[PDB]
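Structure below is start_27.cif: mmCIF, C-alpha atoms and all ligand atoms.
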```
data_model
#
loop_
_atom_site.group_PDB
_atom_site.id
_atom_site.type_symbol
_atom_site.label_atom_id
_atom_site.label_comp_id
_atom_site.auth_asym_id
_atom_site.auth_seq_id
_atom_site.Cartn_x
_atom_site.Cartn_y
_atom_site.Cartn_z
ATOM 1 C CA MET A 1 7.189 40.522 -42.467
ATOM 2 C CA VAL A 2 4.386 40.087 -39.900
ATOM 3 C CA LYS A 3 2.105 43.126 -39.784
ATOM 4 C CA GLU A 4 -0.707 44.050 -37.413
ATOM 5 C CA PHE A 5 -4.277 45.274 -37.747
ATOM 6 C CA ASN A 6 -6.088 46.452 -34.605
ATOM 7 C CA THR A 7 -9.750 47.171 -34.045
ATOM 8 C CA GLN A 8 -12.286 47.027 -31.252
ATOM 9 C CA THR A 9 -16.000 46.869 -30.413
ATOM 10 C CA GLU A 10 -18.082 47.462 -27.310
ATOM 11 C CA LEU A 11 -20.665 44.776 -26.616
ATOM 12 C CA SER A 12 -23.728 45.030 -24.396
ATOM 13 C CA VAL A 13 -22.949 41.900 -22.346
ATOM 14 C CA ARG A 14 -21.327 40.926 -19.076
ATOM 15 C CA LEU A 15 -17.571 40.286 -19.240
ATOM 16 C CA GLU A 16 -17.736 36.811 -17.676
ATOM 17 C CA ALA A 17 -20.562 35.644 -20.018
ATOM 18 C CA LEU A 18 -18.681 36.820 -23.120
ATOM 19 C CA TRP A 19 -15.411 35.295 -21.832
ATOM 20 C CA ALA A 20 -17.036 31.899 -21.269
ATOM 21 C CA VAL A 21 -18.476 31.667 -24.781
ATOM 22 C CA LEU A 22 -15.424 33.203 -26.478
ATOM 23 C CA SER A 23 -12.805 31.183 -24.666
ATOM 24 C CA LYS A 24 -14.320 27.822 -23.780
ATOM 25 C CA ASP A 25 -17.963 27.227 -24.777
ATOM 26 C CA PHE A 26 -17.747 28.051 -28.459
ATOM 27 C CA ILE A 27 -17.880 24.555 -30.041
ATOM 28 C CA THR A 28 -21.708 24.392 -30.404
ATOM 29 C CA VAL A 29 -22.031 28.196 -30.719
ATOM 30 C CA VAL A 30 -19.916 28.932 -33.764
ATOM 31 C CA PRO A 31 -22.090 26.857 -36.127
ATOM 32 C CA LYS A 32 -25.256 28.289 -34.613
ATOM 33 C CA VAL A 33 -24.211 31.924 -35.033
ATOM 34 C CA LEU A 34 -22.304 31.491 -38.347
ATOM 35 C CA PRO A 35 -24.572 28.942 -40.073
ATOM 36 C CA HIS A 36 -23.770 30.463 -43.518
ATOM 37 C CA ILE A 37 -20.076 29.613 -43.035
ATOM 38 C CA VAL A 38 -19.333 26.988 -40.371
ATOM 39 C CA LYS A 39 -20.846 23.503 -40.459
ATOM 40 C CA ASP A 40 -19.182 22.208 -37.269
ATOM 41 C CA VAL A 41 -16.134 22.599 -34.968
ATOM 42 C CA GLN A 42 -14.018 19.601 -33.901
ATOM 43 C CA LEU A 43 -11.676 19.401 -30.936
ATOM 44 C CA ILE A 44 -8.561 17.713 -32.277
ATOM 45 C CA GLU A 45 -6.048 17.931 -29.445
ATOM 46 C CA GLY A 46 -5.864 19.483 -25.985
ATOM 47 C CA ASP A 47 -8.460 20.246 -23.334
ATOM 48 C CA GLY A 48 -8.803 24.010 -23.609
ATOM 49 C CA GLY A 49 -6.205 26.727 -23.235
ATOM 50 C CA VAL A 50 -2.810 26.827 -24.847
ATOM 51 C CA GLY A 51 -2.013 24.080 -27.326
ATOM 52 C CA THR A 52 -5.595 23.160 -28.082
ATOM 53 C CA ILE A 53 -6.183 22.435 -31.767
ATOM 54 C CA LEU A 54 -9.530 22.931 -33.517
ATOM 55 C CA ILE A 55 -10.933 22.110 -36.963
ATOM 56 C CA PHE A 56 -13.609 24.361 -38.379
ATOM 57 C CA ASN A 57 -15.466 22.516 -41.140
ATOM 58 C CA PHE A 58 -17.104 24.893 -43.567
ATOM 59 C CA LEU A 59 -20.236 24.439 -45.660
ATOM 60 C CA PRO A 60 -19.738 22.231 -48.732
ATOM 61 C CA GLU A 61 -19.963 25.221 -51.089
ATOM 62 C CA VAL A 62 -16.905 26.802 -49.391
ATOM 63 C CA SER A 63 -13.318 26.291 -50.504
ATOM 64 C CA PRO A 64 -11.025 25.694 -48.664
ATOM 65 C CA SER A 65 -13.489 23.369 -46.882
ATOM 66 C CA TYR A 66 -11.850 23.769 -43.476
ATOM 67 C CA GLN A 67 -9.400 25.673 -41.295
ATOM 68 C CA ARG A 68 -7.232 24.272 -38.510
ATOM 69 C CA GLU A 69 -6.546 26.686 -35.631
ATOM 70 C CA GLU A 70 -4.432 26.492 -32.504
ATOM 71 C CA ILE A 71 -4.911 28.341 -29.234
ATOM 72 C CA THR A 72 -1.532 30.042 -28.822
ATOM 73 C CA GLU A 73 -2.235 32.426 -25.928
ATOM 74 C CA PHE A 74 -4.729 32.058 -23.078
ATOM 75 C CA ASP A 75 -4.829 34.214 -19.999
ATOM 76 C CA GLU A 76 -7.820 34.105 -17.671
ATOM 77 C CA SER A 77 -6.716 36.982 -15.496
ATOM 78 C CA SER A 78 -6.486 39.428 -18.409
ATOM 79 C CA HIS A 79 -9.238 37.772 -20.482
ATOM 80 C CA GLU A 80 -6.972 37.270 -23.491
ATOM 81 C CA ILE A 81 -7.153 34.488 -26.036
ATOM 82 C CA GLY A 82 -5.084 34.129 -29.236
ATOM 83 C CA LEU A 83 -5.784 31.687 -32.092
ATOM 84 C CA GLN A 84 -3.370 30.979 -34.959
ATOM 85 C CA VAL A 85 -4.493 29.486 -38.295
ATOM 86 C CA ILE A 86 -2.132 26.590 -38.917
ATOM 87 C CA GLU A 87 -3.776 24.890 -41.961
ATOM 88 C CA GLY A 88 -6.408 25.826 -44.521
ATOM 89 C CA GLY A 89 -8.575 28.916 -44.133
ATOM 90 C CA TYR A 90 -6.784 32.062 -45.102
ATOM 91 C CA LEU A 91 -3.479 30.196 -45.482
ATOM 92 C CA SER A 92 -5.016 28.680 -48.674
ATOM 93 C CA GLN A 93 -5.896 32.140 -49.951
ATOM 94 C CA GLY A 94 -2.482 33.792 -50.034
ATOM 95 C CA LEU A 95 -1.743 34.399 -46.338
ATOM 96 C CA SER A 96 1.545 32.970 -45.006
ATOM 97 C CA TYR A 97 0.724 33.838 -41.379
ATOM 98 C CA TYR A 98 -2.531 34.625 -39.579
ATOM 99 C CA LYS A 99 -3.357 35.020 -35.897
ATOM 100 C CA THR A 100 -6.279 36.647 -34.083
ATOM 101 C CA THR A 101 -5.973 37.864 -30.496
ATOM 102 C CA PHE A 102 -9.017 38.917 -28.455
ATOM 103 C CA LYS A 103 -8.764 40.841 -25.202
ATOM 104 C CA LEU A 104 -11.749 41.697 -23.011
ATOM 105 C CA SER A 105 -12.148 44.484 -20.517
ATOM 106 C CA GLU A 106 -14.960 45.765 -18.346
ATOM 107 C CA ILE A 107 -16.289 49.219 -19.171
ATOM 108 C CA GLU A 108 -19.407 48.861 -17.055
ATOM 109 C CA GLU A 109 -21.263 45.904 -15.540
ATOM 110 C CA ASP A 110 -23.025 45.245 -18.821
ATOM 111 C CA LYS A 111 -20.608 46.771 -21.313
ATOM 112 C CA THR A 112 -17.503 44.869 -22.386
ATOM 113 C CA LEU A 113 -14.739 46.171 -24.666
ATOM 114 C CA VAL A 114 -13.236 43.668 -27.077
ATOM 115 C CA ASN A 115 -9.823 44.568 -28.486
ATOM 116 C CA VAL A 116 -8.950 42.590 -31.656
ATOM 117 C CA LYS A 117 -5.410 42.261 -32.929
ATOM 118 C CA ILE A 118 -4.767 40.477 -36.242
ATOM 119 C CA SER A 119 -1.195 39.541 -37.039
ATOM 120 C CA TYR A 120 -0.651 38.560 -40.644
ATOM 121 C CA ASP A 121 1.704 38.200 -43.605
ATOM 122 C CA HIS A 122 1.244 37.322 -47.299
ATOM 123 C CA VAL A 130 -7.236 38.926 -48.810
ATOM 124 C CA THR A 131 -6.929 41.895 -46.526
ATOM 125 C CA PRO A 132 -7.256 42.449 -42.748
ATOM 126 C CA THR A 133 -9.763 45.183 -43.461
ATOM 127 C CA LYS A 134 -12.022 42.498 -44.793
ATOM 128 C CA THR A 135 -11.092 39.660 -42.420
ATOM 129 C CA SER A 136 -11.575 41.922 -39.401
ATOM 130 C CA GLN A 137 -15.161 42.639 -40.528
ATOM 131 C CA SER A 138 -15.874 38.926 -40.355
ATOM 132 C CA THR A 139 -14.337 38.711 -36.888
ATOM 133 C CA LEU A 140 -16.306 41.705 -35.636
ATOM 134 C CA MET A 141 -19.496 40.214 -37.043
ATOM 135 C CA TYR A 142 -18.807 37.019 -35.072
ATOM 136 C CA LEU A 143 -18.327 39.040 -31.875
ATOM 137 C CA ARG A 144 -21.609 40.940 -32.352
ATOM 138 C CA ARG A 145 -23.301 37.567 -32.967
ATOM 139 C CA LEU A 146 -22.006 36.269 -29.660
ATOM 140 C CA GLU A 147 -23.590 39.397 -28.068
ATOM 141 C CA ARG A 148 -26.967 38.535 -29.578
ATOM 142 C CA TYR A 149 -26.634 34.844 -28.672
ATOM 143 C CA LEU A 150 -26.063 35.882 -25.077
ATOM 144 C CA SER A 151 -28.864 38.510 -25.076
HETATM 145 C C1 LIG A 201 -13.232 29.898 -31.260
HETATM 146 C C2 LIG A 201 -12.952 31.348 -31.413
HETATM 147 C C3 LIG A 201 -12.675 31.929 -32.693
HETATM 148 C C4 LIG A 201 -12.655 31.153 -33.961
HETATM 149 N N1 LIG A 201 -11.752 31.711 -34.919
HETATM 150 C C5 LIG A 201 -12.062 32.876 -35.573
HETATM 151 N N2 LIG A 201 -13.102 33.612 -35.159
HETATM 152 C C6 LIG A 201 -13.410 34.753 -35.806
HETATM 153 N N3 LIG A 201 -12.715 35.305 -36.814
HETATM 154 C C7 LIG A 201 -11.715 34.478 -37.226
HETATM 155 N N4 LIG A 201 -10.872 34.728 -38.285
HETATM 156 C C8 LIG A 201 -10.030 33.708 -38.299
HETATM 157 N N5 LIG A 201 -10.203 32.798 -37.313
HETATM 158 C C9 LIG A 201 -11.308 33.335 -36.636
HETATM 159 C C10 LIG A 201 -13.029 32.251 -30.191
HETATM 160 O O1 LIG A 201 -14.459 32.049 -29.797
HETATM 161 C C1 LIG A 202 -11.970 21.851 -24.624
HETATM 162 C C2 LIG A 202 -13.042 22.860 -25.003
HETATM 163 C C3 LIG A 202 -14.422 22.660 -24.813
HETATM 164 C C4 LIG A 202 -15.054 21.450 -24.228
HETATM 165 N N1 LIG A 202 -16.343 21.235 -24.867
HETATM 166 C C5 LIG A 202 -16.384 20.454 -26.005
HETATM 167 N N2 LIG A 202 -15.361 19.637 -26.227
HETATM 168 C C6 LIG A 202 -15.465 18.729 -27.251
HETATM 169 N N3 LIG A 202 -16.507 18.513 -28.047
HETATM 170 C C7 LIG A 202 -17.506 19.338 -27.759
HETATM 171 N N4 LIG A 202 -18.744 19.404 -28.397
HETATM 172 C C8 LIG A 202 -19.452 20.388 -27.715
HETATM 173 N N5 LIG A 202 -18.812 20.922 -26.725
HETATM 174 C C9 LIG A 202 -17.541 20.275 -26.733
HETATM 175 C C10 LIG A 202 -12.578 24.211 -25.626
HETATM 176 O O1 LIG A 202 -12.080 24.890 -24.425
HETATM 177 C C1 LIG A 203 -11.042 31.224 -45.604
HETATM 178 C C2 LIG A 203 -12.445 30.921 -45.183
HETATM 179 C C3 LIG A 203 -12.996 31.375 -43.914
HETATM 180 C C4 LIG A 203 -12.183 32.182 -42.939
HETATM 181 N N1 LIG A 203 -12.507 31.806 -41.587
HETATM 182 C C5 LIG A 203 -13.550 32.352 -40.942
HETATM 183 N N2 LIG A 203 -14.338 33.241 -41.539
HETATM 184 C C6 LIG A 203 -15.348 33.796 -40.848
HETATM 185 N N3 LIG A 203 -15.721 33.548 -39.591
HETATM 186 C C7 LIG A 203 -14.952 32.560 -39.052
HETATM 187 N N4 LIG A 203 -15.056 32.008 -37.791
HETATM 188 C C8 LIG A 203 -14.086 31.115 -37.674
HETATM 189 N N5 LIG A 203 -13.322 31.022 -38.788
HETATM 190 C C9 LIG A 203 -13.905 31.930 -39.640
HETATM 191 C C10 LIG A 203 -13.322 30.080 -46.087
HETATM 192 O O1 LIG A 203 -13.573 30.903 -47.257
#
```
The structure in this file should be written as structure tokens.
Ligand SMILES: C/C(=C\CNc1ncnc2[nH]cnc12)CO
Ligand SMILES: C/C(=C\CNc1ncnc2[nH]cnc12)CO
Ligand SMILES: C/C(=C\CNc1ncnc2[nH]cnc12)CO
Amino acid sequence: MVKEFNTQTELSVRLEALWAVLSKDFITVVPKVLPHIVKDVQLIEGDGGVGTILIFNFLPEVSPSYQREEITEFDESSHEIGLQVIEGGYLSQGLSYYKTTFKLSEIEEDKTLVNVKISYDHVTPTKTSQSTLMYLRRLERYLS
């Protein structure tokens, strides 16, 4: 059955700057901040927001060589974005279901809380969450 893993991190960045890169401007950023993992990101379908489909192409040494993700939730007013893996990635490594939901909140002008919810069924969320948190901290440094 689908289980959940929740974690969070506070980043030293403005909410709106983090929201823009997280939710919309990530296509050139992911390969720049995860160059050991992601070769490029392709927009497959959609124009942003719900129903958008993405391909993440990994480095040649990586198997599976890609992951297909879909934006399943998008809410500007609450700064929430959810992405479901629909092909490849962790689904090729024993997961039957995998979704990541990010929610941003303002703590102070230059401090933003990121809540991370991973929904999964069957590679553990303890480990996969570390990768997701590393990505978030990399967005903080990109923006700083
Ligand atoms: C494009 C975005 C995230 C890309 N997807 C993932 N980003 C970070 N950790 C993950 N684990 C599985 N899928 C992901 C939001 O900027
Ligand atoms: C539709 C989205 C972004 C629009 N920007 C890009 N859309 C498509 N290809 C790209 N290459 C670099 N930036 C882009 C994701 O919200
Ligand atoms: C299953 C694999 C990678 C999992 N996906 C991700 N792993 C780490 N950071 C990411 N950003 C976007 N997608 C990812 C390839 O071994």
Given 3 Å on each side, where is the centre and what are the edge lengths in Å to one decimal of the axis-aligned box enclosing the listed atoms of segment 60-68 of chain A, as AutoDock Vina command-line options?
```
--center_x -13.6 --center_y 24.5 --center_z -44.8 --size_x 18.7 --size_y 10.6 --size_z 18.6
```
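Restricting the atom set to only C-alpha atoms and all ligand atoms, one finds that the residues within 9 Å of ligand LIG 203 (chain A) amount to residues 30, 31, 34, 37, 38, 56, 58, 59, 62, 63, 64, 65, 66, 67, 69, 85, 88, 89, 90, 91, 92, 93, 135, 137, 138, 139, 141 and 142 of chain A.
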Practice problem: Taking the file as shown, find all residues satisfying the PyMOL selection byres (((not hetatm)) within 9 of (chain A and resi 202)) and write them as a list in words. | Solution: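 Output from the PyMOL selection byres (((not hetatm)) within 9 of (chain A and resi 202)), applied to this file: residues 23, 24, 25, 26, 27, 28, 29, 41, 42, 43, 44, 45, 46, 47, 48, 49, 52 and 54 of chain A.
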Quiz prompt | Answer as an MDAnalysis selection string, residues within 12 Å of (0.9, 37.7, -47.0) using all atoms listed in the file | solution = chainID A and resid 1:4 90:98 119:122 130:132
Quiz item: Residues at most 12 Å from residue 77 of chain A, counting all atoms listed in the file, excluding those fewer than 3 positions away in the same chain, as a PyMOL selection string?
Solution: chain A and resi 15-16+19+74+80-81+103-105
Quiz item: For ligand LIG 201 (chain A), which of A:22, A:118, A:33, A:71 is the closest residue, counting all atoms listed in the file?
Solution: A:22
Practice problem: Would you kindly translate the PyMOL selection byres (((chain A and resi 116) around 6) and not hetatm) into the concrete residues it picks from this file, as a PyMOL selection string? | Solution: chain A and resi 6-8+101-102+115+117
For those residues, write C-alpha atoms to a file as a CSV table (one decimal), in the frame of the given file.
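Okay, this is what ended up in result07.csv:
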```csv
chain,number,residue,atom,x,y,z
A,6,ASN,CA,-6.1,46.5,-34.6
A,7,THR,CA,-9.8,47.2,-34.0
A,8,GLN,CA,-12.3,47.0,-31.3
A,101,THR,CA,-6.0,37.9,-30.5
A,102,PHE,CA,-9.0,38.9,-28.5
A,115,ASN,CA,-9.8,44.6,-28.5
A,117,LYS,CA,-5.4,42.3,-32.9
```
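Running the PyMOL selection byres (((chain A and resi 110) around 6) and not hetatm) on this file leaves residues 12, 13, 14, 108, 109 and 111 of chain A selected.
From atom CA of residue 70 of chain A back to atom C7 of ligand LIG 201 (chain A), the distance works out to 11.8 Å.
Here atom CA of residue 61 of chain A stands at a distance of 19.2 Å from atom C6 of ligand LIG 201 (chain A).
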Exercise. Would you mind reading off the distance between atom CA of residue 55 of chain A and atom CA of residue 76 of chain A, one decimal, in Å?
Key: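 That distance, rounded to one decimal, is 22.9 Å.
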Quiz item: With distances taken over only C-alpha atoms and all ligand atoms, which of A:75, A:107, A:143, A:149 is nearest to ligand LIG 201 (chain A)?
Solution: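 Comparing A:75, A:107, A:143, A:149 against ligand LIG 201 (chain A), the winner is A:143.
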